[PDB]
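These notes are about the structure you will find just below.
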Amino acid sequence: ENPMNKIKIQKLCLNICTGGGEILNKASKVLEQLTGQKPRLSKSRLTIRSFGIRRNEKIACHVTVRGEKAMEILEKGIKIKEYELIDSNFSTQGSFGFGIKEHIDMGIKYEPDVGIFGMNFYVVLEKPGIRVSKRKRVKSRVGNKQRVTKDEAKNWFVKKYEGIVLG
Amino acid sequence: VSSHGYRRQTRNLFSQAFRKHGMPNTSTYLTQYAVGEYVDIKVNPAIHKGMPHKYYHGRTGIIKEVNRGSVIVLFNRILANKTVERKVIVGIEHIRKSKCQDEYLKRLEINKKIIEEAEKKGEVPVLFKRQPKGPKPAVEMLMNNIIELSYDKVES
Amino acid sequence: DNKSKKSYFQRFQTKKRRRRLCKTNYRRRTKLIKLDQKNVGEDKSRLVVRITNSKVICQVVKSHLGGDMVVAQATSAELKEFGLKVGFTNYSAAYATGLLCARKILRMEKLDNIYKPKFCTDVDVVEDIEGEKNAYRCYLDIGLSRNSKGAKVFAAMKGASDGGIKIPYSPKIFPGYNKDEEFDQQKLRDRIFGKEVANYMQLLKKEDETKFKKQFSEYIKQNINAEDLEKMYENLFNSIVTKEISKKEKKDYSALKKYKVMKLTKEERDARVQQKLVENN
RNA sequence: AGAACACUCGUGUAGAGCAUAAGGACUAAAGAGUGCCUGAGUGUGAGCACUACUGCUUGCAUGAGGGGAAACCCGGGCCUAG
RNA sequence: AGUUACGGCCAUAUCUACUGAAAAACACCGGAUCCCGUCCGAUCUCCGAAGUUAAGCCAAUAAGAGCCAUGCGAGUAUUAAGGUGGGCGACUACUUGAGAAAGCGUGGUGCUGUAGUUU
Ligand SMILES: [K+]
Ligand SMILES: [K+]
Ligand SMILES: [Mg+2]
Ligand SMILES: [Mg+2]
Ligand SMILES: [Mg+2]
Ligand SMILES: [Mg+2]
Ligand SMILES: [Mg+2]
Ligand SMILES: [Mg+2]
Ligand SMILES: [Mg+2]
């Protein structure tokens, strides 16, 4: 087969949303354990009385992982979801996402004062050369040859983890 | 009633042309100016320092003094039925070199040859004046190939 | 939404060519080149430094109406004449190229014998010798590259200064600067003569000899060792200052015009369309 | 977790913003962020708006001046009123 | 003859699909010890050559969209001067002069400056 032209992970995005006070600190400590990083707190775009959100108030924390560490977390999570995904979960862009309701399934000890949180996982796939669209000098749009398509993303998932993609 | 601020009535003037927005081109900055040249004012709305008053837009004058990034130009104006000279300060982004002397300078180059020979051989130059177009010329015609014209088109 | 209607295309204004290509910053260029109307006969020279995956380029350029004129040029790939075997995009190779560039200039102007070289022993700007002709003057053009402490663009710039050209600079940008203390110049000298890489080579042989072979294969092929670098670089600098490279020859590669493709005639284009209708019916 | 919560990928000539009328101006910015500073210095000339008051443009000299690697810029507020 | 570095005039150069490419370059590419900067060596900064023409850059193709030119529209629309011209008016004929636009047809699809490198 032709080298280059082979799929990889470029990014895994993790986010927890918990609008309020000390809850965000309690949450942040979790992300700081699952990955060796300090996560970025994010703030409310609008003011929404019903949801209990003032504008410019912190509401969530996220962290982005790349390289080897990404492989461990993804394997750890797809197990929790029992290797089962729906055709809804894949985009026209070569990316996919799922959710988890209970952080303790990723293995960490309980500590009853910390609490129970869920988490979103989102995964972005790639082929070499993407740098052409991100570098400062001579920045250009990539060729259709080097994108990742909806079918390819499913094929990669099936191959790599032996999972089942339901219609 | 109308008002009397410094940029009154300049909605049409002092606006960019279609598909020509943005800052000036390099040629604007690399042009060198000298005292005594004739120069022509056209304001660039994107530059906010060294703008002249809108009366002077599209007028041509003569350079009196040259500074780091601006020029002083002499103009004449009628006020209270008398002639007044005016000294206008302009930044180099709002001016272009005038073409108004072009033909005269060519004519001077021809005169400069003749006026030397006129000392050696003649006594006075022929001086090569322009003349307005004269009467219609004479013509000799072969008289085959005649074309007739008629009110054939009825124009309902 | 946008690109769905004709009016989008009809009303659109294109950026200048070198902006579409992301090669030039026009706001920076204009501040750098704009003429002073009172200093007639001033003819500012830019020192242009650019770094490619393969090589370092120094050019000395004067901006004239109609197009920029190149006075002189030097490239790290030419240092192969003086026996440089390795690291053509290294911090040392940046410095060496700036040094080379300066000498070629001062030879043309015949200032070469008046303004002598000086290998990296102070951080002052070049100063006009009394009773002789003034130093050649230039200003640095770094393009779209970022300014930060220890960027390779500034190495070439110090090369040129040490070579005899007058550039104004502040020492804030060199390794060995301190926020509120004197300049530690041994750190600067260290990098110029390649200590930074020797120290990496030495580390890897203790850590992982497999990774060492992967990281430094080209060096191994030349039998260079960490110990050899100072002698290598001292020789390289001296030779630049001492010798001169042979002139280039001109040749007509005209015959390679065979490879150029040519566009279809109208007559062909029409027949091709005609055939396409008939193939369809 | 809903019409409307946070995070992403692709398109995106301005359909946004620019405290305060209306017009003009602005796109690797003049918009949004981040760093440092108090030039919202000091003497003294020449001019533009129908030109007194007022507002602005610009010259030369100085500061144990600022910001920036530097070219450059700054004696209030992007320009036209307070 | 191309490319590459720095440019000039700023779409004949744009936008969308497809296809080609000797040499040398230009790139993608392999790491983070240091200098430097990130939630994140993705970007920026540094140190490298195991791979690859798939991408970009360059070039061709398309009764392509858009842009540029020219012919026609057309002596048409409008307009300066004039008369004891006409009309209740609204407005309009004539005499000596000046003179368009949209649409629609046909052709084009970057040109050049200084230096460097490659039969
Ligand atoms: K009123
Ligand atoms: K406004
Ligand atoms: Mg008026
Ligand atoms: Mg001021
Ligand atoms: Mg102002
Ligand atoms: Mg080849
Ligand atoms: Mg480290
Ligand atoms: Mg990397
Ligand atoms: Mg190919």
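Naming convention: chains lettered A, B, ... in sequence-line order (proteins, then strands); numbering from 1 in each chain. Side chains included, hydrogens not; waters and symmetry mates left out as well; all remaining heavy atoms used.
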Could you go through nucleotides 14-21 of chain D and list every protein N or O atom that sits under 3.5 Å from one of its N or O atoms, giving the distance for each pair?
| unit_1 | atom_1 | unit_2 | atom_2 | d |
| --- | --- | --- | --- | --- |
| D:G15 | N7 | C:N2 | OD1 | 3.4 |

Report the residue (B:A17 or C:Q13) whose heavy-atom-nearest nucleotide on RNA chain D is the more 5′ of the two.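 It is C:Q13 whose nearest nucleotide is closer to the 5' end.
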5' precedence on RNA chain D between C:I33 and A:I59 (nearest-nucleotide basis):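 Final value for this comparison: A:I59.
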Have a look at [X] and say if it touches a base, only the backbone sugar-phosphate, or nothing, with a 4.0 Å heavy-atom cut-off.
| X | value |
| --- | --- |
| C:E218 | sugar-phosphate |
| C:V273 | base |
| B:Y55 | nothing |

Report yes or no: do [N] and [M] constitute a Watson-Crick or wobble pair with both atom distances shorter than 3.5 Å?
| N | M | value |
| --- | --- | --- |
| E:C68 | E:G107 | yes |
| E:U16 | E:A62 | yes |
| E:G103 | E:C72 | no |
| E:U95 | E:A81 | yes |
| E:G64 | E:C15 | yes |
| E:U53 | E:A100 | no |
| E:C94 | E:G82 | yes |

What about A:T64, does its side chain sit under 3.5 Å from the base of E:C40 through a donor-acceptor pair?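 Such a pair is found, so the answer is yes.
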Distance-only donor-acceptor test, C:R17 side-chain atoms vs E:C10 base atoms, 3.5 Å: no
Euclidean distance for P, E:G89 against E:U78 (whole angstrom): 22 Å
Report yes if at least one side-chain N or O of [X] is closer than 4.0 Å to OP1 or OP2 of [N]; otherwise report no.
| X | N | answer |
| --- | --- | --- |
| C:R28 | D:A29 | no |
| C:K263 | E:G110 | yes |
| C:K62 | E:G7 | no |
| B:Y56 | D:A49 | yes |

Please check this pair: side chain of C:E78 against backbone of C:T75, looking for a donor-acceptor N/O pair closer than 3.5 Å.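 Yes, the answer is positive, given that a donor and an acceptor are paired below the 3.5 Å cut-off.
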Is it true that atom CZ of A:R45 has more than 12 heavy atoms of other residues, nucleotides or ligands lying nearer than 6.0 Å? no
More than 12 heavy atoms of other residues, nucleotides or ligands under 6.0 Å from NZ of C:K195: is that the case? no
Only pairs with both distances under 3.5 Å count, Watson-Crick or wobble alike; so what is the partner of E:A59 in this structure?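 Paired with E:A59, as far as the under-3.5 Å criterion goes, is E:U19.
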Note: for A:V63 and C:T75 on RNA chain E, the residue whose nearest nucleotide lies more 5' is A:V63
Can you work out whether C:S63 or C:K251 has the more 5'-proximal nearest nucleotide on RNA chain E? C:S63
Please classify D:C5 as syn or anti, treating any glycosidic angle within 90° of 0 as syn. syn
Residue-level proximity of residues 133-141 of chain A to RNA chain D when a heavy atom falls under 4.0 Å: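 Those residues whose heavy atoms fall under 4.0 Å from RNA chain D, taken from residues 133-141 of chain A in numerical order, are A:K134, A:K136, A:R141.
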Answer with major or minor: which groove's base atoms come under 5.0 angstrom of the side-chain heavy atoms of C:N53?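 C:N53 reaches into the major groove.
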Taking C1'-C2'-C3'-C4' positive as north and negative as south, where does D:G23 sit? north
C:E268-C:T265 side chain donor-acceptor pair, cut-off 3.5 Å: no
Write out the stems for RNA chain D, ordered by first number and formatted as range with range, counting runs of at least 3 consecutive Watson-Crick or G-U wobble pairs under 3.5 Å.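 Listed by first number, the stems are D:41-49 with D:54-62, D:65-67 with D:72-74.
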Can you name the atoms? Protein N/O to nucleotides 76-78 of chain D N/O, anything below 3.5 Å, with the distance.
| unit_1 | atom_1 | unit_2 | atom_2 | d |
| --- | --- | --- | --- | --- |
| D:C78 | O2' | B:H48 | ND1 | 3.0 |

With the criterion being N/O to N/O and under 3.5 Å, what pairs connect the protein with nucleotides 58-62 of chain D, and how long is each?
| unit_1 | atom_1 | unit_2 | atom_2 | d |
| --- | --- | --- | --- | --- |
| D:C60 | OP1 | C:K38 | NZ | 2.8 |

Protein and nucleotides 80-82 of chain D: nitrogen or oxygen contacts under 3.5 angstrom:
| unit_1 | atom_1 | unit_2 | atom_2 | d |
| --- | --- | --- | --- | --- |
| D:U80 | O3' | B:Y6 | N | 3.4 |
| D:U80 | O2' | B:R7 | N | 3.2 |

Can B:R59 be said to sit on top of B:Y55's aromatic six-ring, NZ or CZ under 6.0 Å from centre and within 45° of the ring axis?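 B:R59 over B:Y55 ring: yes.
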Shortest side-chain distance from C:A151, nucleotide among E:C46, E:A5, E:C39: E:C46
